[PDB]
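Novice: The data below comprise the sequence and an experimental structure of the protein.
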There are 2 protein chains.
Amino acid sequence: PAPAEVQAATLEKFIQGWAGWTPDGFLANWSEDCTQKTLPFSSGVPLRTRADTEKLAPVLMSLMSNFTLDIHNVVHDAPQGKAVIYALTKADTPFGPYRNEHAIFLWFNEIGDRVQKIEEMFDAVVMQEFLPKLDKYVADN
Amino acid sequence: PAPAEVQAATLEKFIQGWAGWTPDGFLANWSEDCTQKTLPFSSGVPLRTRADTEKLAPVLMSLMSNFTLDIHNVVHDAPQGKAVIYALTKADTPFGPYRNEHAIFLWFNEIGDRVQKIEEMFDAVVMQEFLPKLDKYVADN
Ligand SMILES: COC(=O)c1cc(C)cc(O)c1C(=O)c1c(O)cccc1O
Ligand SMILES: COC(=O)c1cc(C)cc(O)c1C(=O)c1c(O)cccc1O
């Protein structure tokens, strides 16, 4: 893996792109092959590609206003090129208040300047319920 | 923190005590003051003490047989004396088949030979619903 300080810069940039809550800012730290996978695996939530996330992030980030990110724990394994964040999120949506918590596992790419893989355990109801109703709304058009 | 090598060996022992699926073997690697906290915080599951766990462990390990533990991911931050494990579990119970997945955040003690704090995201229904109903049953007797 890349040196600890190179990975750590990428880890910090990843958090700030998330906290910034813009599509380009957040995705800037994804490698081109980076994927997101919802945990637990038993939930059967399909992985999201970088391109998937490019399409989804604008609408979700626009719907969730006053977004806040509270970093509770960061665990960085530089020898393995891996990290974990435990983060608590809040936002306002037109439907009412939004709250979530994410245990997000990260893998850095070999160079160390991007996140190459994400696996995360969080309340995925927006992903399981809103996403299909979003899809079927585009198809009905 | 303790030497990285010692922390890693304790993490290995912690995992093996769990996999061995005996109460004494699993709790051997908990410090005397170790606590467990269920995530997410939004669920408000009260922190469990070592004594709480000493009471809970014999009955769960008796009801779950053919216990399997699969370690999917280990992330070890030796400079911080912290680690995360992602683990998938399965077992048989008299009520039917059991499965779970745990994202477990661990802190080592200063000496490095015990885990002194646990915070874990997992399906907590067995500890939140089963054991209280067991305790009410005893109270009725
Ligand atoms: C647009 O949100 C992100 O960029 C995002 C970012 C991170 C680090 C994890 C996520 O899971 C998401 C996400 O996609 C998401 C979601 O899919 C549903 C609800 C809330 C979310 O944050
Ligand atoms: C019987 O305790 C353990 O071996 C145990 C071990 C670890 C590493 C995390 C846990 O959360 C538990 C647990 O307490 C538990 C539970 O409360 C309900 C279902 C399965 C479980 O493993």
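Specialist: In hand now; what should we look at? Residues are numbered from 1 along each chain as shown, chains lettered A, B, ... in the order given. Ligands and ions are numbered 1, 2, ... in the order given.

Novice: all helices for chain A, in order.
Specialist: Read by DSSP state H, chain A holds these helices, from start to end of the chain: A:4-20, A:23-27, A:50-63, A:125, A:131-139.

Novice: Please identify which of those helices is closest to residue B:27.
Specialist: The closest approach between residue B:27 and any of the helices of chain A, judged by C-beta to C-beta, belongs to helix A:4-20 at 33.5 Å. From N, CA and C alone the C-beta is placed, and that goes for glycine too.

Novice: any idea of the angle the closest one forms with helix A:50-63?
Specialist: What separates the directions of helix A:4-20 and helix A:50-63 is an angle of 50 degrees, with axes from the mean of the first three to the mean of the last three C-alpha atoms, to 10 degrees.

Novice: Dump helix A:4-20 to CSV, restricted to CA.
Specialist: This file holds the C-alpha atoms of helix A:4-20, laid out as CSV (Å, rounded to 0.1, in the frame of the first residue of the first chain):
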residue,chain,number,x,y,z
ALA,A,4,0.3,6.1,5.7
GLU,A,5,0.3,9.9,5.2
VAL,A,6,-0.8,9.6,1.5
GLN,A,7,-3.7,7.3,2.5
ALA,A,8,-4.6,9.6,5.4
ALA,A,9,-4.9,12.6,3.1
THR,A,10,-7.3,10.6,0.9
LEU,A,11,-9.3,9.6,4.0
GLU,A,12,-9.6,13.2,5.1
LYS,A,13,-10.5,14.3,1.5
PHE,A,14,-13.2,11.6,1.4
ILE,A,15,-14.8,12.8,4.6
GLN,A,16,-14.7,16.4,3.5
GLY,A,17,-16.3,15.6,0.1
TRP,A,18,-19.0,13.7,2.0
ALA,A,19,-19.5,16.6,4.5
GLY,A,20,-19.5,19.1,1.6
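
Novice: Buried residues of that helix, list them for me.
Specialist: Of the residues in helix A:4-20, those with enough neighbours to count as buried (16 or more other C-beta atoms under 10 Å in any protein chain shown) are A:6, A:7, A:8, A:10, A:11, A:13, A:14, A:15, A:17, A:18, A:19.

Novice: and chain A, which residues reach chain B?
Specialist: With the criterion set to C-beta under 8 Å from any C-beta of the partner chain, chain A comes near chain B through A:39-42, A:73, A:75-77, A:79-80, A:82-84, A:86, A:88, A:99, A:101, A:103, A:105, A:119, A:121, A:123.

Novice: if we go to 6 Å?
Specialist: Residues of chain A lying near chain B by C-beta under 6 Å from any C-beta of the partner chain: A:40, A:73, A:75, A:76, A:77, A:82, A:84, A:101, A:103, A:105, A:121.

Novice: Among the residues you listed, which are located in strands?
Specialist: The members of these that map onto strands under DSSP state E are A:73, A:75, A:76, A:77, A:82, A:84, A:101, A:103, A:105, A:121.

Novice: Which residues does the first one form beta bridges with?
Specialist: Beta-bridge partners recorded for residue A:73 (DSSP bridges): residue A:86.
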